[PDB]
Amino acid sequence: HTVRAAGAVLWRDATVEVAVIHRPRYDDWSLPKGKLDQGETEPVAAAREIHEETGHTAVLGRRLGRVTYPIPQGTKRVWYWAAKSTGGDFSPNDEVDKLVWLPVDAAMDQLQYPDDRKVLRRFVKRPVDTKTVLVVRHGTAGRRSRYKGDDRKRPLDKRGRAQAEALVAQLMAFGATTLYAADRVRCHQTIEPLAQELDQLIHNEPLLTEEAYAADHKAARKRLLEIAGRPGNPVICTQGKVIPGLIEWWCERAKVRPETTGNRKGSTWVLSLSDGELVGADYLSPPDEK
């Protein structure tokens, strides 16, 4: 059987230091990580494990690939994120008795596991003090054909509504702060629960609908870079025939290679930017899909 896990390179600005944790049961030094709970997404699990093992709050940024290791019951697969500390503090807990803060070169020597060192090498290979644009395909909204009315008004269905609620923890894990939706009800409804969590308004985006993108993709590209250039971490909720075009165009331009890809309803692209440059493009499946 395969156990799904998530973890992080937790870092702080002391000037970058990374957190290495000591687990006395095994007596080893490692990166924070643990198993996904039922219905949990990998990012939410990574943030939860950071808090349980380190005592810190953090904001996730770039994804740092995946580690696979054999366990008695089979295989454990761990997706890792860069995570900037935003608060809290370390007190000994059930898993961890010691935490050190080390510069990367010293952390490399401290780590027990070769695959943790590989994660740390990926961490240092690109900027970590990044801002984040979260491009979300709206949740499930039934069929165009079976809808009676202006399709622009077609609402999320029950599943899509549940996806919208499950995206709050997802997007909050990346420190979402500002909200944008294409001019379709199903796009606005997808981030309505996050708007309620942040107490922030959603900015309507007529250029980012399927019809507008089809007729003027250059206006859509320009609007995306404008939103991305503003302070904060924006969520942009749009449609299936817009997202691949925008993501592939930015990735090709920046020479960024996505490790995963897809376009499902309720999916998220985490676009990591440093000084205006795309440095990561991480596709996250919908919160209710593997």
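For every residue, the number given is its place in the sequence shown, counted from 1. C-alpha atoms forming the largest set that superposes within 1.5 Å between two forms make up the rigid core.
**Student:** Between 68-76 and 185-193, which one strays more from this form in 9 other deposited structures of this protein if you match the rigid core and compare Cα atoms?
**Tutor:** Stretch with the larger root mean square C-alpha distance in 9 other deposited structures of this protein: 68-76.
**Student:** Using the rigid core for superposition, please say which stretch has the greater CA deviation in 9 other deposited structures of this protein, 85-93 or 129-137.
**Tutor:** It is 85-93 whose C-alphas lie farther from the shown form in 9 other deposited structures of this protein.
**Student:** Does the comparison with other PDB entries of this protein show residue 14 lacking coordinates in a third or more of them, where both adjacent residues are built?
**Tutor:** Looking at the other entries that model residues on either side of it, residue 14 is missing from at least a third.
**Student:** Output the stretch having the higher mean C-alpha B factor in the entry; the candidates are 55-63 and 31-39.
**Tutor:** Averaging CA B-factors over each stretch, the winner is 31-39.
**Student:** Read off the CA B-factors in the entry, average them over 153-161 and over 139-147, and name the higher stretch.
**Tutor:** Taking the mean B-factor of the alpha carbons in each, 139-147 is higher.
**Student:** When you compare the CA B-factors of 193, 103, 206, 175 as listed in the entry, which one comes out on top?
**Tutor:** Answer for 193, 103, 206, 175: 103, with the highest C-alpha B-factor.
**Student:** Given 131, 217, 84, 188, identify the residue with the highest C-alpha B factor in the PDB entry.
**Tutor:** Comparing C-alpha B-factors across 131, 217, 84, 188, the maximum falls on 217.
**Student:** Comparing against every modelled residue in the chain, figure out the third that the C-alpha B-factor of residue 263 lands in (lowest, middle or highest).
**Tutor:** As the PDB entry reports it, the C-alpha B-factor of residue 263 lands in the lowest third of its chain.
**Student:** Among the modelled residues of this chain, does the Cα B factor of residue 245 put it in the lowest, middle or highest third?
**Tutor:** Middle third.
**Student:** Just say lowest, middle or highest third for the CA B-factor of residue 270 relative to the other modelled residues in its chain.
**Tutor:** Lowest third.
**Student:** When the modelled residues of the chain are sorted by Cα temperature factor, does residue 20 land in the lowest, middle or highest third?
**Tutor:** For residue 20, the deposited C-alpha B-factor lands in the middle third.
**Student:** Could you look up the Cα B-factor of residue 9 in the entry and say which third of the chain it sits in: lowest, middle or highest?
**Tutor:** For residue 9, whose C-alpha B-factor we compare with every modelled residue in the chain, the answer is the lowest third.
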